[PDB]
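Visitor: Sending over a structure as structure tokens; questions will come in a sec.
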Amino acid sequence: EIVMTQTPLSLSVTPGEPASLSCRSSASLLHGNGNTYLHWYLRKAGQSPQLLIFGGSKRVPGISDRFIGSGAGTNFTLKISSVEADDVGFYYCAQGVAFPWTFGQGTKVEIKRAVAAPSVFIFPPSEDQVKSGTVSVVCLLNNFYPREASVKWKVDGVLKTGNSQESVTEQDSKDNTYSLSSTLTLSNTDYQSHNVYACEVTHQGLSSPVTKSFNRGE
Amino acid sequence: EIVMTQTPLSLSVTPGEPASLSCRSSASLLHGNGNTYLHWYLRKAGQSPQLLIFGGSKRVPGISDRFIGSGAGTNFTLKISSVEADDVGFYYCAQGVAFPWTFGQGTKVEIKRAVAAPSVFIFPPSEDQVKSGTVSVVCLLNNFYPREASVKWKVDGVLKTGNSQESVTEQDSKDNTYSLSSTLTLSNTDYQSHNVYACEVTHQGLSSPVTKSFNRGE
Amino acid sequence: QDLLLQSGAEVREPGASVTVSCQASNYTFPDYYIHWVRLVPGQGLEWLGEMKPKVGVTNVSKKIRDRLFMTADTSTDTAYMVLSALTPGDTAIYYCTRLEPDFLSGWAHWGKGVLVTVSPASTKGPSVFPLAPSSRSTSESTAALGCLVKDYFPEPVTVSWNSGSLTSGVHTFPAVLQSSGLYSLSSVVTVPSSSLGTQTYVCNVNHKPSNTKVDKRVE
Amino acid sequence: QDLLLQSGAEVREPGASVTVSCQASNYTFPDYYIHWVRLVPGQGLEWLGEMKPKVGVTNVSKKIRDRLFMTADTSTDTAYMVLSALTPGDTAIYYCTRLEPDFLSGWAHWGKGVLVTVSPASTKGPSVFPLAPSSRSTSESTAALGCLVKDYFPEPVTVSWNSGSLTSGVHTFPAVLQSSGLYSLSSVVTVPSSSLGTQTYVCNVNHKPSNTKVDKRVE
């Protein structure tokens, strides 16, 4: 029930910049006294969160330079003065309020980059996988930015059945780009039910739509 | 520590038969407040343990008073006036007031039955095991009494080596004979080196040991 | 009725851990003393520990004690025990027990038990195998027909003959864990060998711990 | 500063009851509260419960109050958390929290949180194939190696190329649930067309509990 709106919901930014995050609520935020209060923390590659604010203004001991924020009760907001590569992850705030208490949804933080198209690939299903009776093919999109590309498929030139699923890399460790896999799935007989298999793309780093294909019996 | 034994270890008992078991303790059990505190328990195959008698001789409600028993401080006995099929099971004895770490090792009721030779069969497994790298040759020793039989293999006139596996009925539901499956099992190589295969058998109800046999291919 | 509920079985890798639970019947839960005890395969019964709910632990075997942990919740009216550093030979039917009246005179009492099992293995579908109509060359008048499993894991296994539609004169030789760390089983039916009705003798078998079903008849 | 100990994962059938357990650092251990937080996939974190082991007490989320039970072994402060009637929706990572005698007026640091996952599934080694598989012809410059993991359970998997002798340009897509509850994954390596038209390439894949290796050579 206790409101916690955390925003921007996601963020991408360049190194050395200022950036800020806002937490908004329904009430004042204590277990008692009139006087216990909110805290903020960073979660990454499956480690627990790392505490950053302990109590509104209160910086956690031994942590970074100032992520510190301001506001009270219904309002609070962090600001960091400088983007470090260290900082990418999930940020969220917690209230210092009487429990039961609830996290707000979390705020994503990333590096910003120049827009850049993927290299794009598709291929026939391997014939062992074909005669496995259930079959799949993959549209692959290596090393591109941002991960806001969008991907399509056509079979005998007409859009896919929806028997398809997708996955993206993490933000690249250094290039801070991404890659995408889209997979389309068939029975061997659905794989007969069309001949040419295609995947098609539009993206920020695309000047114009891109198309790739294979045709079976080759 | 409480250290104790119970006997006889097992017996096949004739229908209608008066019978008993004795529990013998190295600890003299004038328990707690100078008062002997000892008990006996049933169990059956797939069943919870079941109360019988306690304080030595005191019966739990609903027991057939066919069951009887009592004992001096190291020297205790459980008894039955008679035998009916419902008696076939396992029987235990133990100790208590604050220090419950004890059991008698269990003793098994069977029923006494007319002697009987088994019917016996054996088979060559199909090539489908042979081509899968492992050969089990199995011999079936069915409906024998008393409880004991010995089983053996020969290959090309030469006795067993290495592996065997065996498995037996709980006496019976009905006739109260026993039935036994057993095998010698090999890498297919070994069977391919071999040419003739036999099981061999002996038991109380036989004139002589018994062979069943076959040869590779036929 | 005077009962403790206990539930479905368990299996683990060596070095792991296990949780076992028991639930009271409609009763004044805190007033029982409880033993945890076990039946170990091919081996004698064994008391482990004693617990009174709001007290928690009371007495326990020094052997198990450090590996053991034992407790209860009043809110649910349930006992637990936990075993840490879990290993082969700990494999047993664990029982919680009810003690309350003249139980000093001996009165441990029972729930249905729970099976715990330990292996290096992971689940495997059955090496189901038919057992031949041998001596079709030579039978006088009598026969038996068989079916087998090997390297299935973990047990138990469902088994049937004529797909359950006719079942008599039959043995179901209890399975054994092989040196593979996986199970072998066979069942066999006795037959007057004049039976051309042997056409019907589909042995049919099922393996819920591996979500699997299979069938054969041979002649 | 110094961290609580909290061990590795487990995988489960629906409706079961299932546990995680956690242990004190170089630390006193009855003295301060414990909290349990659920990290749910794709979604914001979730407080379940406060606990204090000293008395064996808690304050609890109204989303539950039913399926949970919690305490610790006072012999070690080995925390236990018990959940029951587990849905696939409970598939999550569970984090064992201390609380810090001042900083808990906000919060405190944790040990390493642990995964548990719920599904009618059962173990499978992956089906495995090439993908790319080679450029039959293109604007030769670079292309990529690629290999498929499919029909697999449970995740995760371990993967490498030319036994991980190759490392540059290698990528690995995060896992996808197949509608059967199985997994697919994939790996790819962008490489010069000159190199690709010359050297031999293999995708090298391993996991337990499948106990299975594949080393798929590719063209």
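Letters A, B, ... mark the chains of the structure tokens in the order given; residue numbers begin at 1 per chain; ligand numbers begin at 1, in order shown.
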With the cut-off set at 8 Å and counting only C-alpha atoms, tabulate each residue of chain C with an atom at most that distance from an atom of chain B, showing the nearest atom pair and its distance in Å to one decimal, ordered by chain and increasing number, as JSON lines.

Guide:
```
{"residue": "C:43", "atom": "CA", "partner": "B:105", "partner_atom": "CA", "distance": 7.6}
{"residue": "C:44", "atom": "CA", "partner": "B:105", "partner_atom": "CA", "distance": 4.8}
{"residue": "C:45", "atom": "CA", "partner": "B:103", "partner_atom": "CA", "distance": 6.3}
{"residue": "C:46", "atom": "CA", "partner": "B:103", "partner_atom": "CA", "distance": 6.6}
{"residue": "C:47", "atom": "CA", "partner": "B:101", "partner_atom": "CA", "distance": 5.6}
{"residue": "C:48", "atom": "CA", "partner": "B:101", "partner_atom": "CA", "distance": 7.3}
{"residue": "C:59", "atom": "CA", "partner": "B:99", "partner_atom": "CA", "distance": 7.6}
{"residue": "C:61", "atom": "CA", "partner": "B:101", "partner_atom": "CA", "distance": 7.2}
{"residue": "C:104", "atom": "CA", "partner": "B:97", "partner_atom": "CA", "distance": 5.0}
{"residue": "C:105", "atom": "CA", "partner": "B:55", "partner_atom": "CA", "distance": 4.5}
{"residue": "C:106", "atom": "CA", "partner": "B:39", "partner_atom": "CA", "distance": 5.2}
{"residue": "C:107", "atom": "CA", "partner": "B:51", "partner_atom": "CA", "distance": 7.1}
{"residue": "C:108", "atom": "CA", "partner": "B:51", "partner_atom": "CA", "distance": 7.6}
{"residue": "C:109", "atom": "CA", "partner": "B:50", "partner_atom": "CA", "distance": 7.1}
{"residue": "C:110", "atom": "CA", "partner": "B:48", "partner_atom": "CA", "distance": 6.3}
{"residue": "C:111", "atom": "CA", "partner": "B:48", "partner_atom": "CA", "distance": 7.0}
{"residue": "C:112", "atom": "CA", "partner": "B:48", "partner_atom": "CA", "distance": 5.9}
{"residue": "C:113", "atom": "CA", "partner": "B:48", "partner_atom": "CA", "distance": 6.9}
{"residue": "C:129", "atom": "CA", "partner": "B:129", "partner_atom": "CA", "distance": 7.9}
{"residue": "C:131", "atom": "CA", "partner": "B:125", "partner_atom": "CA", "distance": 6.4}
{"residue": "C:132", "atom": "CA", "partner": "B:123", "partner_atom": "CA", "distance": 6.0}
{"residue": "C:133", "atom": "CA", "partner": "B:123", "partner_atom": "CA", "distance": 7.6}
{"residue": "C:134", "atom": "CA", "partner": "B:123", "partner_atom": "CA", "distance": 5.2}
{"residue": "C:135", "atom": "CA", "partner": "B:123", "partner_atom": "CA", "distance": 7.9}
{"residue": "C:143", "atom": "CA", "partner": "B:121", "partner_atom": "CA", "distance": 7.5}
{"residue": "C:144", "atom": "CA", "partner": "B:121", "partner_atom": "CA", "distance": 7.4}
{"residue": "C:171", "atom": "CA", "partner": "B:179", "partner_atom": "CA", "distance": 7.3}
{"residue": "C:172", "atom": "CA", "partner": "B:169", "partner_atom": "CA", "distance": 8.0}
{"residue": "C:173", "atom": "CA", "partner": "B:167", "partner_atom": "CA", "distance": 5.6}
{"residue": "C:174", "atom": "CA", "partner": "B:167", "partner_atom": "CA", "distance": 6.2}
{"residue": "C:175", "atom": "CA", "partner": "B:167", "partner_atom": "CA", "distance": 7.6}
{"residue": "C:176", "atom": "CA", "partner": "B:167", "partner_atom": "CA", "distance": 7.9}
```

Visitor: Could you dump the residues just selected with N, CA and C atoms as a CSV table (one decimal), in the first residue's frame?

Guide:
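Resulting contents of result34.csv:
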```
chain,number,residue,atom,x,y,z
C,43,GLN,N,18.1,-52.9,8.2
C,43,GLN,CA,18.8,-52.5,9.4
C,43,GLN,C,17.7,-52.2,10.5
C,44,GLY,N,18.2,-52.2,11.8
C,44,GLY,CA,17.3,-52.1,12.9
C,44,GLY,C,16.6,-50.7,13.0
C,45,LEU,N,15.5,-50.6,13.8
C,45,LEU,CA,14.9,-49.3,14.0
C,45,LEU,C,15.8,-48.4,14.9
C,46,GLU,N,15.6,-47.1,14.8
C,46,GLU,CA,16.5,-46.2,15.4
C,46,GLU,C,15.8,-44.9,15.9
C,47,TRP,N,15.8,-44.7,17.2
C,47,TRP,CA,15.4,-43.4,17.8
C,47,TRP,C,16.5,-42.4,17.5
C,48,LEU,N,16.1,-41.2,17.3
C,48,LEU,CA,17.0,-40.1,17.0
C,48,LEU,C,16.9,-39.0,18.0
C,59,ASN,N,16.0,-34.1,24.0
C,59,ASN,CA,17.1,-35.1,24.0
C,59,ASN,C,17.3,-35.5,22.6
C,61,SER,N,20.3,-38.1,20.0
C,61,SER,CA,21.5,-38.9,19.8
C,61,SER,C,22.7,-38.0,19.5
C,104,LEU,N,5.6,-43.1,29.2
C,104,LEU,CA,6.9,-43.6,29.9
C,104,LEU,C,7.0,-45.1,29.9
C,105,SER,N,5.8,-45.8,30.0
C,105,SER,CA,5.8,-47.2,30.0
C,105,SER,C,6.1,-47.8,28.6
C,106,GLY,N,6.0,-47.0,27.6
C,106,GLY,CA,6.7,-47.2,26.3
C,106,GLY,C,6.1,-46.5,25.1
C,107,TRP,N,5.0,-45.7,25.2
C,107,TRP,CA,4.0,-45.4,24.1
C,107,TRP,C,4.5,-44.3,23.1
C,108,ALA,N,5.5,-44.7,22.3
C,108,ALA,CA,5.7,-44.1,21.0
C,108,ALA,C,4.5,-44.5,20.1
C,109,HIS,N,4.0,-43.7,19.2
C,109,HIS,CA,2.9,-43.9,18.3
C,109,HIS,C,3.1,-43.2,17.0
C,110,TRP,N,2.5,-43.5,15.9
C,110,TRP,CA,3.0,-43.2,14.6
C,110,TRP,C,2.1,-42.4,13.6
C,111,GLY,N,2.8,-41.7,12.7
C,111,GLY,CA,2.3,-41.2,11.4
C,111,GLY,C,2.8,-42.1,10.3
C,112,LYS,N,2.5,-41.8,9.1
C,112,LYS,CA,2.6,-42.8,7.9
C,112,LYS,C,4.1,-43.0,7.4
C,113,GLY,N,5.0,-42.2,7.9
C,113,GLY,CA,6.4,-42.2,7.5
C,113,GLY,C,6.7,-41.4,6.2
C,129,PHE,N,12.9,-53.4,-21.0
C,129,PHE,CA,13.4,-54.6,-21.8
C,129,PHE,C,12.4,-55.8,-21.6
C,131,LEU,N,11.3,-59.7,-21.7
C,131,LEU,CA,12.0,-61.0,-21.3
C,131,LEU,C,11.4,-62.1,-22.1
C,132,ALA,N,12.3,-62.9,-22.8
C,132,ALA,CA,11.8,-63.7,-24.0
C,132,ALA,C,10.8,-64.8,-23.6
C,133,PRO,N,10.0,-65.2,-24.6
C,133,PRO,CA,9.2,-66.4,-24.6
C,133,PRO,C,10.2,-67.6,-24.9
C,134,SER,N,11.2,-67.7,-24.2
C,134,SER,CA,12.2,-68.8,-24.3
C,134,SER,C,11.6,-70.1,-24.2
C,135,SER,N,12.3,-71.1,-24.8
C,135,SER,CA,11.8,-72.5,-24.9
C,135,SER,C,10.5,-72.7,-25.7
C,143,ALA,N,5.0,-72.4,-18.9
C,143,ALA,CA,5.8,-71.3,-19.3
C,143,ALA,C,5.7,-70.2,-18.2
C,144,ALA,N,6.5,-69.1,-18.4
C,144,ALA,CA,6.2,-67.8,-17.8
C,144,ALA,C,6.7,-66.7,-18.8
C,171,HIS,N,4.7,-62.6,-10.3
C,171,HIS,CA,5.7,-62.0,-9.3
C,171,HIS,C,6.2,-60.7,-9.9
C,172,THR,N,6.6,-59.8,-9.0
C,172,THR,CA,7.0,-58.5,-9.2
C,172,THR,C,8.2,-58.2,-8.5
C,173,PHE,N,9.3,-58.9,-8.8
C,173,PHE,CA,10.5,-59.0,-8.0
C,173,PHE,C,11.0,-57.6,-7.7
C,174,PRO,N,11.1,-57.2,-6.4
C,174,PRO,CA,11.4,-55.9,-6.0
C,174,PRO,C,12.7,-55.4,-6.5
C,175,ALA,N,12.7,-54.1,-6.9
C,175,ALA,CA,13.8,-53.5,-7.6
C,175,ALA,C,15.0,-53.5,-6.7
C,176,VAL,N,16.2,-53.4,-7.3
C,176,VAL,CA,17.5,-53.2,-6.6
C,176,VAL,C,18.3,-52.1,-7.3
```

Visitor: If chain C is superposed onto chain D by least squares using every Cα atom in order, what is the RMSD, in Å to one decimal?

Guide: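 RMSD over all C-alpha atoms: 1.4 Å.
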
Visitor: Compile the contact shell of region 71-86 of chain A as a PyMOL selection string: residues with an atom at most 8 Å away, counting only C-alpha atoms, same-chain residues fewer than 4 positions apart removed.

Guide: chain A and resi 13-29+56+66-67+111

Visitor: Those same residues, written as a PDB file, in the first residue's frame with C-alpha atoms?

Guide:
```pdb
ATOM      1  CA  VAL A  13      24.334   8.288 -19.676  1.00  0.00           C
ATOM      2  CA  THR A  14      27.982   9.120 -20.587  1.00  0.00           C
ATOM      3  CA  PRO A  15      31.051   8.975 -18.244  1.00  0.00           C
ATOM      4  CA  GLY A  16      31.751  11.911 -15.895  1.00  0.00           C
ATOM      5  CA  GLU A  17      28.192  13.358 -16.145  1.00  0.00           C
ATOM      6  CA  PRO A  18      25.725  14.386 -13.396  1.00  0.00           C
ATOM      7  CA  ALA A  19      22.596  12.190 -13.024  1.00  0.00           C
ATOM      8  CA  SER A  20      19.565  12.080 -10.665  1.00  0.00           C
ATOM      9  CA  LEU A  21      16.817   9.676  -9.496  1.00  0.00           C
ATOM     10  CA  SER A  22      13.467  10.456  -7.784  1.00  0.00           C
ATOM     11  CA  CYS A  23      11.477   8.513  -5.195  1.00  0.00           C
ATOM     12  CA  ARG A  24       7.871   9.681  -4.417  1.00  0.00           C
ATOM     13  CA  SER A  25       5.507   8.435  -1.694  1.00  0.00           C
ATOM     14  CA  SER A  26       2.088   8.755   0.012  1.00  0.00           C
ATOM     15  CA  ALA A  27       3.351   9.648   3.520  1.00  0.00           C
ATOM     16  CA  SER A  28       6.136  10.328   6.031  1.00  0.00           C
ATOM     17  CA  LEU A  29       8.480   7.364   6.407  1.00  0.00           C
ATOM     18  CA  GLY A  56      17.784  10.717   3.501  1.00  0.00           C
ATOM     19  CA  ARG A  66      28.158  11.679  -3.283  1.00  0.00           C
ATOM     20  CA  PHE A  67      25.130   9.990  -4.840  1.00  0.00           C
ATOM     21  CA  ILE A 111      26.148   3.897 -20.196  1.00  0.00           C
TER      22      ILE A 111
END
```

Visitor: If you fit chain B onto chain A using every C-alpha atom, paired in order, what RMSD in Å do you get?

Guide: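 C-alpha RMSD, chain B fitted to chain A: 1.4 Å.
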
Visitor: Quick one: pick out all strand (DSSP E or B) residues within chain C from a backbone DSSP run and write them as a count of residues only.

Guide: 111

Visitor: Could you give me, as an mmCIF file with N, CA and C atoms, in the first residue's frame, the residues within 8 Å of region 17-28 of chain C, counting only C-alpha atoms and dropping anything in the same chain fewer than 4 positions from it?

Guide:
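Output (selection34.cif):
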```cif
data_model
loop_
_atom_site.group_PDB
_atom_site.id
_atom_site.type_symbol
_atom_site.label_atom_id
_atom_site.label_comp_id
_atom_site.auth_asym_id
_atom_site.auth_seq_id
_atom_site.Cartn_x
_atom_site.Cartn_y
_atom_site.Cartn_z
ATOM 1 N N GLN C 1 -9.011 -39.084 13.981
ATOM 2 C CA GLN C 1 -8.316 -40.251 14.574
ATOM 3 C C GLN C 1 -6.902 -39.878 15.059
ATOM 4 N N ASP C 2 -6.334 -40.680 15.964
ATOM 5 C CA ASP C 2 -5.008 -40.545 16.592
ATOM 6 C C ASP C 2 -3.880 -40.727 15.572
ATOM 7 N N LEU C 3 -3.574 -39.672 14.821
ATOM 8 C CA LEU C 3 -2.709 -39.730 13.649
ATOM 9 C C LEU C 3 -1.787 -38.517 13.568
ATOM 10 N N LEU C 4 -0.622 -38.721 12.968
ATOM 11 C CA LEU C 4 0.228 -37.659 12.455
ATOM 12 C C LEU C 4 0.239 -37.791 10.941
ATOM 13 N N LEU C 5 -0.101 -36.725 10.235
ATOM 14 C CA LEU C 5 0.096 -36.710 8.800
ATOM 15 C C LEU C 5 1.578 -36.525 8.483
ATOM 16 N N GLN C 6 2.058 -37.297 7.517
ATOM 17 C CA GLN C 6 3.338 -37.101 6.845
ATOM 18 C C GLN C 6 3.107 -37.304 5.341
ATOM 19 N N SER C 7 4.019 -36.874 4.469
ATOM 20 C CA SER C 7 3.722 -36.647 3.040
ATOM 21 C C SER C 7 4.739 -37.290 2.073
ATOM 22 N N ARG C 12 18.323 -36.835 -2.684
ATOM 23 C CA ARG C 12 19.403 -35.840 -2.738
ATOM 24 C C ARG C 12 20.771 -36.366 -3.157
ATOM 25 N N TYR C 32 1.758 -33.150 23.571
ATOM 26 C CA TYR C 32 2.511 -34.347 23.198
ATOM 27 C C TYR C 32 4.013 -34.134 23.405
ATOM 28 N N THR C 76 0.965 -23.690 13.014
ATOM 29 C CA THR C 76 0.570 -24.752 12.091
ATOM 30 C C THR C 76 0.266 -26.057 12.812
ATOM 31 N N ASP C 77 0.728 -26.224 14.048
ATOM 32 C CA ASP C 77 0.654 -27.490 14.782
ATOM 33 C C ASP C 77 1.489 -28.594 14.117
ATOM 34 N N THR C 78 2.734 -28.254 13.793
ATOM 35 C CA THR C 78 3.629 -29.097 13.012
ATOM 36 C C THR C 78 4.997 -29.236 13.651
ATOM 37 N N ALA C 79 5.549 -30.437 13.582
ATOM 38 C CA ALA C 79 6.951 -30.683 13.853
ATOM 39 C C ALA C 79 7.768 -30.629 12.561
ATOM 40 N N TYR C 80 9.062 -30.388 12.717
ATOM 41 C CA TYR C 80 10.049 -30.569 11.673
ATOM 42 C C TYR C 80 11.276 -31.268 12.221
ATOM 43 N N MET C 81 12.042 -31.828 11.311
ATOM 44 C CA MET C 81 13.459 -31.990 11.517
ATOM 45 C C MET C 81 14.160 -31.719 10.205
ATOM 46 N N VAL C 82 15.417 -31.387 10.337
ATOM 47 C CA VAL C 82 16.305 -31.049 9.254
ATOM 48 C C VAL C 82 17.547 -31.887 9.456
ATOM 49 N N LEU C 83 18.071 -32.475 8.389
ATOM 50 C CA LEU C 83 19.386 -33.081 8.432
ATOM 51 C C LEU C 83 20.325 -32.357 7.481
ATOM 52 N N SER C 84 21.442 -31.881 8.021
ATOM 53 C CA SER C 84 22.564 -31.278 7.289
ATOM 54 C C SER C 84 23.696 -32.285 7.044
ATOM 55 N N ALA C 85 24.631 -31.961 6.146
ATOM 56 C CA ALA C 85 25.732 -32.843 5.762
ATOM 57 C C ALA C 85 25.217 -34.230 5.339
ATOM 58 N N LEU C 86 24.240 -34.234 4.440
ATOM 59 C CA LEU C 86 23.439 -35.391 4.086
ATOM 60 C C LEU C 86 24.229 -36.386 3.246
ATOM 61 N N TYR C 94 11.846 -41.814 7.691
ATOM 62 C CA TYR C 94 11.763 -40.943 8.848
ATOM 63 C C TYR C 94 10.323 -40.900 9.326
ATOM 64 N N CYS C 96 8.030 -39.096 12.499
ATOM 65 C CA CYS C 96 7.645 -38.418 13.718
ATOM 66 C C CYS C 96 6.668 -39.290 14.509
ATOM 67 N N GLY C 111 2.819 -41.656 12.746
ATOM 68 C CA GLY C 111 2.334 -41.200 11.440
ATOM 69 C C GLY C 111 2.775 -42.142 10.310
ATOM 70 N N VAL C 114 8.014 -41.102 5.978
ATOM 71 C CA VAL C 114 8.510 -40.440 4.764
ATOM 72 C C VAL C 114 9.862 -41.014 4.383
ATOM 73 N N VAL D 18 9.458 -26.178 0.723
ATOM 74 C CA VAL D 18 10.862 -26.038 0.315
ATOM 75 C C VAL D 18 11.536 -24.923 1.108
ATOM 76 N N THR D 19 12.846 -25.015 1.303
ATOM 77 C CA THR D 19 13.538 -24.265 2.348
ATOM 78 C C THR D 19 14.835 -23.658 1.870
#
```

Visitor: For chain C, report every residue with an atom at most 10 Å from chain D (counting only C-alpha atoms), formatted as a PyMOL selection string.

Guide: chain C and resi 7-8+13+16-21+66+68-73+75-76+82+120-124+209-211

Visitor: With C-alpha atoms kept, could you save the residues just selected as a PDB file, in the first residue's frame?

Guide:
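Dumped to part.pdb:
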```pdb
ATOM      1  CA  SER C   7       3.722 -36.647   3.040  1.00  0.00           C
ATOM      2  CA  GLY C   8       5.650 -37.409  -0.242  1.00  0.00           C
ATOM      3  CA  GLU C  13      22.998 -35.596  -3.870  1.00  0.00           C
ATOM      4  CA  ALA C  16      23.522 -31.809   0.639  1.00  0.00           C
ATOM      5  CA  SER C  17      20.639 -31.333   3.172  1.00  0.00           C
ATOM      6  CA  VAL C  18      16.975 -32.337   3.749  1.00  0.00           C
ATOM      7  CA  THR C  19      13.854 -31.073   5.515  1.00  0.00           C
ATOM      8  CA  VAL C  20      11.128 -33.420   6.910  1.00  0.00           C
ATOM      9  CA  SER C  21       7.765 -32.293   8.296  1.00  0.00           C
ATOM     10  CA  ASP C  66      25.365 -31.742  15.204  1.00  0.00           C
ATOM     11  CA  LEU C  68      20.542 -32.768  13.107  1.00  0.00           C
ATOM     12  CA  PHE C  69      18.308 -29.791  13.662  1.00  0.00           C
ATOM     13  CA  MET C  70      14.814 -30.183  15.172  1.00  0.00           C
ATOM     14  CA  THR C  71      11.929 -27.812  15.965  1.00  0.00           C
ATOM     15  CA  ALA C  72       8.171 -27.257  15.748  1.00  0.00           C
ATOM     16  CA  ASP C  73       5.649 -24.534  14.890  1.00  0.00           C
ATOM     17  CA  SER C  75       0.849 -21.856  14.577  1.00  0.00           C
ATOM     18  CA  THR C  76       0.570 -24.752  12.091  1.00  0.00           C
ATOM     19  CA  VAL C  82      16.305 -31.049   9.254  1.00  0.00           C
ATOM     20  CA  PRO C 120      25.218 -39.266  -6.996  1.00  0.00           C
ATOM     21  CA  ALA C 121      22.593 -39.753  -9.738  1.00  0.00           C
ATOM     22  CA  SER C 122      19.992 -37.643 -11.594  1.00  0.00           C
ATOM     23  CA  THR C 123      16.658 -38.880 -13.014  1.00  0.00           C
ATOM     24  CA  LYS C 124      16.807 -41.405 -15.899  1.00  0.00           C
ATOM     25  CA  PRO C 209       9.590 -39.499 -10.971  1.00  0.00           C
ATOM     26  CA  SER C 210      10.783 -39.253 -14.651  1.00  0.00           C
ATOM     27  CA  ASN C 211       7.341 -38.458 -16.250  1.00  0.00           C
TER      28      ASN C 211
END
```

Visitor: Could you list, as a list in words, every residue within 10 Å of residue 204 (chain A), counting only C-alpha atoms and ignoring same-chain residues fewer than 3 positions away?

Guide: residues 114, 115, 116, 117, 144, 145, 146, 147, 148, 149, 150, 207 and 208 of chain A

Visitor: Please list as a PDB file with C-alpha atoms, in the first residue's frame every residue within 8 Å of residue 169 (chain D), counting only C-alpha atoms and excluding residues in the same chain fewer than 6 positions away.

Guide:
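Wrote it out as part.pdb, contents follow:
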```pdb
ATOM      1  CA  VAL D 189      31.672 -15.968 -32.095  1.00  0.00           C
ATOM      2  CA  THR D 190      32.278 -13.224 -34.692  1.00  0.00           C
ATOM      3  CA  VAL D 191      35.501 -14.196 -36.547  1.00  0.00           C
TER       4      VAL D 191
END
```

Visitor: Find the distance between CA of residue 140 (chain C) and CA of residue 198 (chain C) and write it in Å to one decimal.

Guide: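 Atom-to-atom, CA of residue 140 (chain C) and CA of residue 198 (chain C) are spaced 15.8 Å apart.
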